[PDB]
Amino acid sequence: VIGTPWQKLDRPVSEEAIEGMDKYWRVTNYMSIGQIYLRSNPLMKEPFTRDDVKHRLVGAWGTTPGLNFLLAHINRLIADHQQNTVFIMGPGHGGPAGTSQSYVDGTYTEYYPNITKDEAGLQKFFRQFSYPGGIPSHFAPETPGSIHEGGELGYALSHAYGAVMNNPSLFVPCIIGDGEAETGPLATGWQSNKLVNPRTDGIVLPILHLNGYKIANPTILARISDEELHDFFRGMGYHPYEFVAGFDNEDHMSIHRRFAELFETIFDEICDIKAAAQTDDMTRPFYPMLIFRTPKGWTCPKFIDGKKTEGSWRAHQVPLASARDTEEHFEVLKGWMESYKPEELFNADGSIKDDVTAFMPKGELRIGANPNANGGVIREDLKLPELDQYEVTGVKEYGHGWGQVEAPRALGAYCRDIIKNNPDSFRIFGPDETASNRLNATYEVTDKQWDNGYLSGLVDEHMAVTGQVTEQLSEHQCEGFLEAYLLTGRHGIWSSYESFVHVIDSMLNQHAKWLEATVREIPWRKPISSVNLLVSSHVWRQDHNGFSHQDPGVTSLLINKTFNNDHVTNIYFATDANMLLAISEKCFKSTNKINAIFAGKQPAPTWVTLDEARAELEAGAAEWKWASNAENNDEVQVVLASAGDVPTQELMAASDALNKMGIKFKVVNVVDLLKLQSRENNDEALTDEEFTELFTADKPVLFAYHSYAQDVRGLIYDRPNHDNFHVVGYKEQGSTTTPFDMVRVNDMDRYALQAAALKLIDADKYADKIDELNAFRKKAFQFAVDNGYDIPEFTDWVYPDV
């Protein structure tokens, strides 16, 4: 247990805590300005001149003094209440507030020994911010205390609420920009309070940083009436509190006392809610939220060159753009830095004075030190059930190609038992698709958690105020809740219809960026569990839907995060349920990855046994010798290769026909896509020798790919024999139609694959056969048109091994 969770003080905040908060605010404003502006002379020692100012002034001031003020108060709260706390910096361009917080709390020097608590360390700290060879401008993963960089705005609330799930002792004050709140993902994130339980989860306090402006405009929420703003937050299930300061001549000490009193009222309300939830965990409370209204750039010069800067969008980026080049800007910068009276805040040796930090929390309660902000320190391996009990044994009993299994059902049973063995640290998220994607065996041991109204057992089923599945119709929610659940040390999986994965392409990009930086150069940030995403209801089988819903292209996006041997991104094609089991076990063991797991949920053949799946997954791509009819690679006339359940089924059927014609070939299945890249691009890929062994040195390769052919063409560009691959993929063709028609119109159907193999082998010799196969495709299409279902010869085919 960290600290003493949810304790009230029952005494006023001390005057000494008020004095310390004002010193914190002054010193963190001072050092945030130092980071932006100063390449040397951090204490302004004689002579202090333009030569001390950076040549490239970069970073963001406007949000920063508001964050510094909130961080003083959150620090005071954590210390007084001993409260286990992670904050979220929504406006992550306020990085200098977050580096300052860590430098003050002592974690910065602990993690970065060269940046010492003295004049020399302070000079280094100022120069390195947003500087070549230095540190980022945003609240990046290399900053102690961050689980959210906040460069791409919108995810602050989903990360806050995912952090508190199954984390009943954790408090997350979530600082949200008022520009940020105009984003879609932020706007829906407020609604998460219907999906958490006040007894079994922790508590988020949203704090709207209502500073009136974004970069070049006021914000929507800052200019609507007070009555609408309060109605809005009350309508989303919060009790809104509002603080206003900095717009008149109120002295700063008065402001601190008034805020501390308010923040104690609010925290008391949170403690009452946590106490009450021990007895009534079914009534959803109105959680407090805070409207924090202060002038953007607070405490900077009110006017610069005749233009209003404090209290304006003009304070957003870097005021005094001429601070190095003109004596006029320089003198303004000088008076601004001096207004914080740094001579009272630092000792002559440049260390921050003891009376600046005596109010601060200590040890693992520090923001920079709490292990929830470095969740791989808390993470334990899952207790995984044995895989063999889930195996589809039909392949071993009856033959390759057996049965009509819906592949994700096996992963559902596996997930069910993972939750049973790990009952508060593995969650399933889904955008109203968990049952649709066949993972609902999990409901045998837990419920979908819903903390909103119930009506009747005639409609409410597998649903309770606490449980380990969470659904909301928002991919942004599911992805953000999961990412934070992982970043604070837990585990899970979510599922999505494949084309809708693209709604969160940019969140996958941010998490891939977080992982890249981390595996490269942040070794104190320990490994977290992987994002595991079941990508199902795919392009080939969108029975109730249609053309608009056919887009397997997240493959292509994930290919753009496969560099530098980071190994943070995997693309897997689950050929069948036994392969899906073997991929899932590997994903659930893995850390510091995004794993995209492609699987079909439609009834489909099972091709491999579980032992075969384990070996083939490790290699990445495998010959299926039992399906090849060639003696060796020299006797091969064509390599039949596929990735994805549906291209594999069609390729297999083509192989059966090609065999019956006397054509010699081998069959190769590809599961771990990026293992096709060359070793130069991927030091864990197939060597050239292993790749030639599979694909031959010089025979044609027909490659039936689940997604856009582009992906495979680009990946194998420097591979031996790549000129001989003919890659058939989805090509933006389809409608709402039968299964045969969907493959037919992308030349993916067995008949067209058989034809393409023949064309690659001898187009002249097989001209007539190719015509007949293309006419069979029309006849099968006409059959579907006339009769309402596909031709039996197509649907009823079973591989001859069965």
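Throughout, we count residues from 1 along the sequence that is shown.
For the pair 623-631 and 282-290, the mean B factor over Cα atoms is greater in 623-631. Checked against the record, the higher mean CA B factor of 260-268 and 540-548 lies with 540-548. Highest C-alpha temperature factor among 328, 451, 152, 479 per the entry: 328.
Set against one another, the Cα B-factors of 636, 360, 365, 596 in the record reach their highest point at 636. In this PDB entry, residue 322 carries a Cα temperature factor that places it within the highest third of its chain's modelled residues. Among all modelled residues in its chain, residue 176 ranks in the lowest third by Cα B-factor. Sort the modelled residues of the chain by CA B factor and residue 398 lands in the highest third.
The deposited CA B-factor of residue 791 belongs to the highest third of values across its chain. Per the deposited record, the Cα B-factor of residue 520 falls in the middle third when ranked against the other modelled residues of its chain.
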